[PDB]
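> Next comes coords_7.cif, mmCIF, C-alpha atoms:
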data_entry
loop_
_atom_site.group_PDB
_atom_site.id
_atom_site.type_symbol
_atom_site.label_atom_id
_atom_site.label_comp_id
_atom_site.auth_asym_id
_atom_site.auth_seq_id
_atom_site.Cartn_x
_atom_site.Cartn_y
_atom_site.Cartn_z
ATOM 1 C CA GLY Z 701 -48.039 32.794 49.118
ATOM 2 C CA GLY Z 702 -47.865 32.523 45.312
ATOM 3 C CA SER Z 703 -51.128 31.455 43.641
ATOM 4 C CA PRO Z 704 -51.534 29.171 40.588
ATOM 5 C CA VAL Z 705 -51.101 30.983 37.261
ATOM 6 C CA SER Z 706 -51.197 30.093 33.571
ATOM 7 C CA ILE Z 707 -47.760 29.391 32.118
ATOM 8 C CA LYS Z 708 -47.072 28.712 28.450
ATOM 9 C CA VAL Z 709 -44.021 27.073 26.918
ATOM 10 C CA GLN Z 710 -42.700 28.403 23.592
ATOM 11 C CA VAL Z 711 -41.289 25.024 22.494
ATOM 12 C CA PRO Z 712 -38.272 25.077 20.102
ATOM 13 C CA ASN Z 713 -38.678 24.248 16.395
ATOM 14 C CA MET Z 714 -37.256 20.690 16.346
ATOM 15 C CA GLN Z 715 -39.847 18.223 15.009
ATOM 16 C CA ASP Z 716 -37.420 16.235 12.812
ATOM 17 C CA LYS Z 717 -34.656 15.664 15.403
ATOM 18 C CA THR Z 718 -35.512 12.325 17.044
ATOM 19 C CA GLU Z 719 -39.065 11.270 18.061
ATOM 20 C CA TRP Z 720 -40.497 14.183 20.105
ATOM 21 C CA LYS Z 721 -42.826 16.874 18.692
ATOM 22 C CA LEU Z 722 -41.192 20.309 19.014
ATOM 23 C CA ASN Z 723 -42.855 22.594 16.431
ATOM 24 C CA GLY Z 724 -42.529 26.109 17.883
ATOM 25 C CA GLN Z 725 -45.838 25.549 19.727
ATOM 26 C CA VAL Z 726 -46.926 26.835 23.145
ATOM 27 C CA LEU Z 727 -47.894 24.403 25.904
ATOM 28 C CA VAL Z 728 -50.035 25.993 28.635
ATOM 29 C CA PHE Z 729 -50.284 24.722 32.220
ATOM 30 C CA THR Z 730 -51.349 25.963 35.671
ATOM 31 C CA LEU Z 731 -48.853 26.130 38.570
ATOM 32 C CA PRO Z 732 -48.302 28.231 41.738
ATOM 33 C CA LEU Z 733 -45.883 31.155 41.554
ATOM 34 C CA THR Z 734 -43.830 29.358 44.237
ATOM 35 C CA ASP Z 735 -43.260 26.322 42.025
ATOM 36 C CA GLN Z 736 -39.717 26.543 40.722
ATOM 37 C CA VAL Z 737 -39.591 26.737 36.905
ATOM 38 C CA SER Z 738 -38.127 23.185 37.034
ATOM 39 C CA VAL Z 739 -41.786 22.035 37.072
ATOM 40 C CA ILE Z 740 -42.244 23.425 33.549
ATOM 41 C CA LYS Z 741 -39.507 21.168 32.112
ATOM 42 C CA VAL Z 742 -41.563 18.141 33.195
ATOM 43 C CA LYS Z 743 -44.641 19.566 31.490
ATOM 44 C CA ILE Z 744 -42.856 19.569 28.118
ATOM 45 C CA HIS Z 745 -41.749 15.952 28.676
ATOM 46 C CA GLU Z 746 -45.446 14.985 28.731
ATOM 47 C CA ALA Z 747 -46.458 17.298 25.877
ATOM 48 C CA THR Z 748 -43.615 16.198 23.569
ATOM 49 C CA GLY Z 749 -41.747 13.320 25.220
ATOM 50 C CA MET Z 750 -38.457 15.263 25.474
ATOM 51 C CA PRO Z 751 -36.802 14.736 28.887
ATOM 52 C CA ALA Z 752 -36.259 17.701 31.237
ATOM 53 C CA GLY Z 753 -32.547 16.797 31.401
ATOM 54 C CA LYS Z 754 -32.032 18.490 27.999
ATOM 55 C CA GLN Z 755 -34.171 21.662 28.016
ATOM 56 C CA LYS Z 756 -33.310 25.372 28.311
ATOM 57 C CA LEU Z 757 -35.544 27.721 30.296
ATOM 58 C CA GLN Z 758 -36.326 31.232 29.066
ATOM 59 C CA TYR Z 759 -39.050 33.814 29.866
ATOM 60 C CA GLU Z 760 -39.744 36.719 27.480
ATOM 61 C CA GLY Z 761 -36.167 36.256 26.175
ATOM 62 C CA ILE Z 762 -34.613 36.038 29.674
ATOM 63 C CA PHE Z 763 -32.760 32.775 30.330
ATOM 64 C CA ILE Z 764 -34.380 31.677 33.599
ATOM 65 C CA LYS Z 765 -33.126 28.892 35.865
ATOM 66 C CA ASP Z 766 -34.968 25.713 36.857
ATOM 67 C CA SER Z 767 -34.401 26.526 40.541
ATOM 68 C CA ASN Z 768 -36.018 29.986 40.285
ATOM 69 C CA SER Z 769 -39.785 30.369 40.796
ATOM 70 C CA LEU Z 770 -42.403 32.086 38.650
ATOM 71 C CA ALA Z 771 -42.865 34.761 41.363
ATOM 72 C CA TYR Z 772 -39.130 35.573 41.117
ATOM 73 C CA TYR Z 773 -39.463 36.238 37.361
ATOM 74 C CA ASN Z 774 -42.750 38.131 37.938
ATOM 75 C CA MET Z 775 -44.553 35.579 35.772
ATOM 76 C CA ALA Z 776 -48.360 35.405 35.855
ATOM 77 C CA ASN Z 777 -51.398 34.156 33.927
ATOM 78 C CA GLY Z 778 -50.469 34.155 30.237
ATOM 79 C CA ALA Z 779 -46.676 33.988 30.802
ATOM 80 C CA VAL Z 780 -44.580 32.408 28.017
ATOM 81 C CA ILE Z 781 -41.507 30.241 28.639
ATOM 82 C CA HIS Z 782 -39.338 29.786 25.544
ATOM 83 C CA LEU Z 783 -37.940 26.248 25.554
ATOM 84 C CA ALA Z 784 -34.672 25.492 23.747
ATOM 85 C CA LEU Z 785 -32.597 22.335 23.296
ATOM 86 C CA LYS Z 786 -29.757 22.236 25.829
ATOM 87 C CA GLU Z 787 -27.983 18.897 26.304
ATOM 88 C CA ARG Z 788 -24.344 20.092 26.469
ATOM 89 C CA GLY Z 789 -22.283 21.493 29.363
ATOM 90 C CA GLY Z 790 -22.016 24.831 27.494
ATOM 91 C CA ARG Z 791 -18.881 26.995 27.187
ATOM 92 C CA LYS Z 792 -17.369 30.369 28.134
ATOM 93 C CA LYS Z 793 -18.312 33.418 26.018
#
Translate the structure of the given file into structure tokens.


Amino acid sequence: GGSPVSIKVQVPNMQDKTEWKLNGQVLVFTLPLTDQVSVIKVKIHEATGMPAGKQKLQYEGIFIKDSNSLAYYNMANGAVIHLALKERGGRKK
């Protein structure tokens, strides 16, 4: 199946919001391509203290889901997941 690969997280630029440390940085980790992107959200919560319940997943500018896996988005060693603040229910276009 999917092997472990390096995945980065392009954190948002929000260092003055509350208590976390979001400064546009990248957080790298190693996870199997079969691990749903939802794993990444946890990795930021350790690297910044921001809970996964309020994070937006993106890969190369593509809004990915937490239920999708890295293999589904063709991600591999050196991939970059842009994190954004998302705490609201959103809205129609």

> Show me, as a ChimeraX atom specification, the residues that have an atom within 12 Å of stretch 741-753 of chain Z when counting all atoms listed in the file, minus same-chain residues fewer than 4 positions from it.

/Z:707-715,717-731,735-737,757-758,764-767,781-789

> Which residue, Z:775, Z:768, Z:759, Z:702, has the smallest gap to residue Z:738 when you use only C-alpha atoms?

Z:768

> Report, in Å to a single decimal, how far apart atom CA of residue Z:732 and atom CA of residue Z:706 are.

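Here the two named atoms are 8.9 Å from each other.
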
> Atom CA of residue Z:780 and atom CA of residue Z:703 are how many Å apart?

17.0 Å

> Could you work out how far atom CA of residue Z:772 lies from atom CA of residue Z:793, giving the answer in Å with one decimal?

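Value for the atom CA of residue Z:793-atom CA of residue Z:772 distance: 25.8 Å.
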
> Please put the answer as AutoDock Vina command-line options: centre and edge lengths, in Å with one decimal, of a box along x, y and z that encloses all listed atoms of stretch 763-774 of chain Z plus 6 Å on each side.


--center_x -37.8 --center_y 31.9 --center_z 35.8 --size_x 22.1 --size_y 24.4 --size_z 23.0

> Export stretch 720-736 of chain Z, N, CA, C and O atoms, as a CSV table (one decimal), in the first residue's frame; it's the structure right above.


chain,number,residue,atom,x,y,z
Z,720,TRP,N,-1.4,30.6,20.0
Z,720,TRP,CA,-0.7,29.7,19.1
Z,720,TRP,C,0.5,30.4,18.4
Z,720,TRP,O,0.7,31.6,18.6
Z,721,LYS,N,1.2,29.7,17.5
Z,721,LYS,CA,2.3,30.3,16.8
Z,721,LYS,C,2.3,30.1,15.3
Z,721,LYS,O,3.1,29.3,14.7
Z,722,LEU,N,1.3,30.7,14.6
Z,722,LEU,CA,1.2,30.6,13.2
Z,722,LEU,C,1.9,31.7,12.5
Z,722,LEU,O,1.5,32.9,12.6
Z,723,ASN,N,3.0,31.5,11.8
Z,723,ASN,CA,3.9,32.5,11.3
Z,723,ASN,C,4.2,32.2,9.8
Z,723,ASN,O,5.3,32.6,9.4
Z,724,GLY,N,3.3,31.6,9.1
Z,724,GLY,CA,3.6,31.3,7.7
Z,724,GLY,C,4.6,30.2,7.5
Z,724,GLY,O,5.1,30.0,6.4
Z,725,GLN,N,5.0,29.5,8.6
Z,725,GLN,CA,6.0,28.5,8.5
Z,725,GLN,C,5.6,27.2,7.9
Z,725,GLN,O,4.4,27.0,7.7
Z,726,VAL,N,6.5,26.3,7.6
Z,726,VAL,CA,6.2,24.9,7.2
Z,726,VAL,C,6.6,23.9,8.3
Z,726,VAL,O,7.7,24.0,8.8
Z,727,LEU,N,5.6,23.0,8.6
Z,727,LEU,CA,5.9,22.0,9.6
Z,727,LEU,C,6.0,20.6,8.8
Z,727,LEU,O,5.0,20.2,8.3
Z,728,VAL,N,7.1,20.0,8.8
Z,728,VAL,CA,7.3,18.7,8.1
Z,728,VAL,C,7.0,17.5,9.1
Z,728,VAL,O,7.4,17.6,10.2
Z,729,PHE,N,6.5,16.5,8.5
Z,729,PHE,CA,6.2,15.2,9.2
Z,729,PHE,C,6.4,14.0,8.3
Z,729,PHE,O,6.7,14.2,7.1
Z,730,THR,N,6.3,12.8,8.8
Z,730,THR,CA,6.3,11.6,7.9
Z,730,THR,C,5.1,10.7,8.2
Z,730,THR,O,5.0,10.2,9.3
Z,731,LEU,N,4.3,10.5,7.2
Z,731,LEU,CA,3.1,9.7,7.3
Z,731,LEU,C,2.8,8.9,6.0
Z,731,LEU,O,3.2,9.4,4.9
Z,732,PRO,N,2.2,7.7,6.1
Z,732,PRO,CA,1.9,6.9,5.0
Z,732,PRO,C,0.9,7.5,4.0
Z,732,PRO,O,0.1,8.3,4.5
Z,733,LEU,N,1.0,7.2,2.7
Z,733,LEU,CA,0.1,7.8,1.8
Z,733,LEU,C,-1.4,7.4,2.0
Z,733,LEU,O,-2.3,8.0,1.5
Z,734,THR,N,-1.6,6.4,2.8
Z,734,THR,CA,-2.9,5.9,3.1
Z,734,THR,C,-3.5,6.6,4.4
Z,734,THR,O,-4.7,6.3,4.7
Z,735,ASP,N,-2.7,7.4,5.1
Z,735,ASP,CA,-3.2,8.2,6.2
Z,735,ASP,C,-3.9,9.4,5.7
Z,735,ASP,O,-3.3,10.3,5.0
Z,736,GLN,N,-5.2,9.4,5.9
Z,736,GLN,CA,-6.1,10.5,5.6
Z,736,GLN,C,-5.5,11.8,6.1
Z,736,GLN,O,-5.0,11.8,7.2
